[PDB]
Number of protein chains: 2
Amino acid sequence: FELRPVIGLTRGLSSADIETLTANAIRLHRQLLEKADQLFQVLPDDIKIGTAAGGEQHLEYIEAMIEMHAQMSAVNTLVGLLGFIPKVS
Amino acid sequence: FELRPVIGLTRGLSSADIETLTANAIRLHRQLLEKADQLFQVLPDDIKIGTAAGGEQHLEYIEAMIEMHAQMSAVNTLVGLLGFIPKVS
């Protein structure tokens, strides 16, 4: 789906190893989401209100959200292959 | 673009900041490729060939590759927002 290469990379793996990869991805997504949220909390007011854009702090936050969004494609792809969403916590 | 959320996240940014994000992305991609290369070399022959698939070392390599591919969607999306491939290293 989102990341076709995953299909080829996971060929030859048992559903068990794929579930391991999927659970790992779900755990990572929560970490990336909370990391971006923490960064958002201390962003300057002009940026939070949407009147100002740019600056090193704002870019660091954007990079955190980009990383989070990119990694989600891995989560959706793995869940898609596994056939279910494992419980990780 | 592949990573659609990136389009919303960069709105209002100057081409200079966008290029900064793109260059960082390109450097990251290169580091992720190198990383995946290093891991692959040390993988057993049974795995490299395909006569064997699984294990903690193989899954680790697969995760490095999945991360590499996922991050490329960021690079491609940013390049498209910038309007050109910037020089890096």
# chains A, B, ... in the order shown; residues from 1 in each chain; ligands from 1

call {"tool": "calpha_fit_rmsd", "arguments": {"fixed": "chain A", "moving": "chain B"}}
result
0.4 Å

call {"tool": "closest_atom_pairs", "arguments": {"of": "chain B", "to": "chain A", "cutoff": "8 Å", "atoms": "only C-alpha atoms", "output": "CSV"}}
result
residue,atom,partner,partner_atom,distance
B:3,CA,A:70,CA,6.8
B:5,CA,A:69,CA,7.2
B:6,CA,A:66,CA,6.4
B:9,CA,A:62,CA,6.6
B:10,CA,A:62,CA,7.7
B:12,CA,A:53,CA,6.0
B:13,CA,A:54,CA,5.8
B:14,CA,A:54,CA,7.4
B:17,CA,A:54,CA,6.6
B:21,CA,A:59,CA,7.4
B:52,CA,A:12,CA,7.9
B:53,CA,A:12,CA,5.8
B:54,CA,A:13,CA,6.2
B:59,CA,A:21,CA,7.4
B:62,CA,A:9,CA,6.3
B:63,CA,A:21,CA,7.6
B:66,CA,A:6,CA,6.3
B:67,CA,A:71,CA,7.2
B:69,CA,A:5,CA,7.3
B:70,CA,A:70,CA,5.4
B:71,CA,A:70,CA,6.0
B:73,CA,A:70,CA,6.9
B:74,CA,A:70,CA,6.5

call {"tool": "write_last_selection", "arguments": {"atoms": "N, CA and C atoms", "output": "PDB file, in the first residue's frame"}}
result
ATOM      1  N   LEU B   3       3.923  12.415   0.669  1.00  0.00           N
ATOM      2  CA  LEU B   3       3.583  12.751   2.053  1.00  0.00           C
ATOM      3  C   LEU B   3       2.743  14.019   2.072  1.00  0.00           C
ATOM      4  N   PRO B   5       0.625  15.409   4.164  1.00  0.00           N
ATOM      5  CA  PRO B   5       0.647  16.311   5.322  1.00  0.00           C
ATOM      6  C   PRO B   5       1.786  17.328   5.295  1.00  0.00           C
ATOM      7  N   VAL B   6       2.853  17.023   4.562  1.00  0.00           N
ATOM      8  CA  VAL B   6       3.987  17.937   4.471  1.00  0.00           C
ATOM      9  C   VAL B   6       3.583  19.254   3.800  1.00  0.00           C
ATOM     10  N   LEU B   9       2.052  21.441   6.439  1.00  0.00           N
ATOM     11  CA  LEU B   9       3.059  21.827   7.424  1.00  0.00           C
ATOM     12  C   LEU B   9       4.033  22.909   6.980  1.00  0.00           C
ATOM     13  N   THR B  10       4.301  22.997   5.683  1.00  0.00           N
ATOM     14  CA  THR B  10       5.251  23.994   5.195  1.00  0.00           C
ATOM     15  C   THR B  10       4.621  25.281   4.675  1.00  0.00           C
ATOM     16  N   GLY B  12       3.317  28.842   4.121  1.00  0.00           N
ATOM     17  CA  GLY B  12       3.778  30.066   4.748  1.00  0.00           C
ATOM     18  C   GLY B  12       5.276  30.132   4.974  1.00  0.00           C
ATOM     19  N   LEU B  13       5.992  29.061   4.645  1.00  0.00           N
ATOM     20  CA  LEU B  13       7.442  29.063   4.809  1.00  0.00           C
ATOM     21  C   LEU B  13       8.082  29.727   3.599  1.00  0.00           C
ATOM     22  N   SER B  14       9.284  30.256   3.782  1.00  0.00           N
ATOM     23  CA  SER B  14       9.999  30.893   2.688  1.00  0.00           C
ATOM     24  C   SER B  14      10.787  29.803   1.967  1.00  0.00           C
ATOM     25  N   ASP B  17      13.701  28.436   3.877  1.00  0.00           N
ATOM     26  CA  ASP B  17      13.473  27.473   4.948  1.00  0.00           C
ATOM     27  C   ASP B  17      13.152  26.116   4.331  1.00  0.00           C
ATOM     28  N   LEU B  21      14.973  22.454   4.838  1.00  0.00           N
ATOM     29  CA  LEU B  21      14.307  21.192   5.157  1.00  0.00           C
ATOM     30  C   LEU B  21      14.701  20.129   4.129  1.00  0.00           C
ATOM     31  N   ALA B  52      17.330 -18.371   3.746  1.00  0.00           N
ATOM     32  CA  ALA B  52      16.932 -18.160   5.133  1.00  0.00           C
ATOM     33  C   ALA B  52      16.428 -16.730   5.326  1.00  0.00           C
ATOM     34  N   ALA B  53      15.373 -16.586   6.121  1.00  0.00           N
ATOM     35  CA  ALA B  53      14.790 -15.282   6.393  1.00  0.00           C
ATOM     36  C   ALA B  53      14.224 -15.267   7.801  1.00  0.00           C
ATOM     37  N   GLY B  54      14.732 -14.361   8.630  1.00  0.00           N
ATOM     38  CA  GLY B  54      14.264 -14.263   9.998  1.00  0.00           C
ATOM     39  C   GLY B  54      15.411 -14.029  10.957  1.00  0.00           C
ATOM     40  N   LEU B  59      15.686  -8.907  10.966  1.00  0.00           N
ATOM     41  CA  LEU B  59      14.601  -7.966  11.216  1.00  0.00           C
ATOM     42  C   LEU B  59      15.160  -6.558  11.376  1.00  0.00           C
ATOM     43  N   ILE B  62      15.813  -5.198   8.005  1.00  0.00           N
ATOM     44  CA  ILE B  62      14.550  -4.885   7.362  1.00  0.00           C
ATOM     45  C   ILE B  62      14.004  -3.563   7.888  1.00  0.00           C
ATOM     46  N   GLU B  63      14.150  -3.318   9.187  1.00  0.00           N
ATOM     47  CA  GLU B  63      13.665  -2.068   9.764  1.00  0.00           C
ATOM     48  C   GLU B  63      14.469  -0.869   9.245  1.00  0.00           C
ATOM     49  N   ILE B  66      13.098  -0.255   5.767  1.00  0.00           N
ATOM     50  CA  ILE B  66      11.754   0.317   5.809  1.00  0.00           C
ATOM     51  C   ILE B  66      11.865   1.793   6.180  1.00  0.00           C
ATOM     52  N   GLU B  67      12.726   2.106   7.141  1.00  0.00           N
ATOM     53  CA  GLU B  67      12.900   3.500   7.546  1.00  0.00           C
ATOM     54  C   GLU B  67      13.471   4.308   6.367  1.00  0.00           C
ATOM     55  N   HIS B  69      13.177   3.744   3.041  1.00  0.00           N
ATOM     56  CA  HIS B  69      12.118   3.955   2.063  1.00  0.00           C
ATOM     57  C   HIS B  69      11.068   4.967   2.530  1.00  0.00           C
ATOM     58  N   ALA B  70      10.666   4.879   3.797  1.00  0.00           N
ATOM     59  CA  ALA B  70       9.663   5.801   4.325  1.00  0.00           C
ATOM     60  C   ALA B  70      10.178   7.231   4.265  1.00  0.00           C
ATOM     61  N   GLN B  71      11.424   7.428   4.680  1.00  0.00           N
ATOM     62  CA  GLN B  71      12.004   8.764   4.673  1.00  0.00           C
ATOM     63  C   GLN B  71      12.163   9.329   3.250  1.00  0.00           C
ATOM     64  N   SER B  73       9.999   9.283   0.980  1.00  0.00           N
ATOM     65  CA  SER B  73       8.750   9.919   0.597  1.00  0.00           C
ATOM     66  C   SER B  73       8.786  11.365   1.086  1.00  0.00           C
ATOM     67  N   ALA B  74       9.530  11.609   2.160  1.00  0.00           N
ATOM     68  CA  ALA B  74       9.659  12.963   2.691  1.00  0.00           C
ATOM     69  C   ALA B  74      10.541  13.771   1.726  1.00  0.00           C
TER      70      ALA B  74
END

call {"tool": "atom_distance", "arguments": {"atom1": "atom CA of residue 30 of chain A", "atom2": "atom CA of residue 77 of chain A"}}
result
16.3 Å

call {"tool": "select_by_dssp", "arguments": {"residues": "chain A", "states": "alpha helix (DSSP H)", "output": "PyMOL selection string"}}
result
chain A and resi 5-9+15-41+45-49+56-82

call {"tool": "residues_around", "arguments": {"residues": "residue 82 of chain A", "least_positions_apart": "3", "cutoff": "7 Å", "atoms": "only C-alpha atoms", "output": "PyMOL selection string"}}
result
chain A and resi 15+18-19+78-79

call {"tool": "write_last_selection", "arguments": {"atoms": "N, CA, C and O atoms", "output": "mmCIF file, in the first residue's frame"}}
result
data_model
loop_
_atom_site.group_PDB
_atom_site.id
_atom_site.type_symbol
_atom_site.label_atom_id
_atom_site.label_comp_id
_atom_site.auth_asym_id
_atom_site.auth_seq_id
_atom_site.Cartn_x
_atom_site.Cartn_y
_atom_site.Cartn_z
ATOM 1 N N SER A 15 4.170 -14.969 9.814
ATOM 2 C CA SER A 15 3.270 -13.942 10.318
ATOM 3 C C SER A 15 3.775 -13.434 11.669
ATOM 4 O O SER A 15 3.541 -12.282 12.039
ATOM 5 N N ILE A 18 6.387 -10.790 11.184
ATOM 6 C CA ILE A 18 5.718 -9.602 10.667
ATOM 7 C C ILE A 18 4.954 -8.898 11.794
ATOM 8 O O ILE A 18 4.848 -7.667 11.810
ATOM 9 N N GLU A 19 4.423 -9.673 12.738
ATOM 10 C CA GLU A 19 3.700 -9.079 13.865
ATOM 11 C C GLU A 19 4.706 -8.331 14.741
ATOM 12 O O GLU A 19 4.399 -7.271 15.279
ATOM 13 N N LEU A 78 2.519 -2.205 7.268
ATOM 14 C CA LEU A 78 2.697 -3.424 8.050
ATOM 15 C C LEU A 78 1.358 -3.958 8.563
ATOM 16 O O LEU A 78 1.082 -5.147 8.445
ATOM 17 N N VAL A 79 0.527 -3.090 9.134
ATOM 18 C CA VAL A 79 -0.775 -3.531 9.617
ATOM 19 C C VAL A 79 -1.527 -4.157 8.439
ATOM 20 O O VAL A 79 -2.160 -5.202 8.579
#

call {"tool": "atom_distance", "arguments": {"atom1": "atom CA of residue 64 of chain A", "atom2": "atom CA of residue 22 of chain B"}}
result
13.9 Å
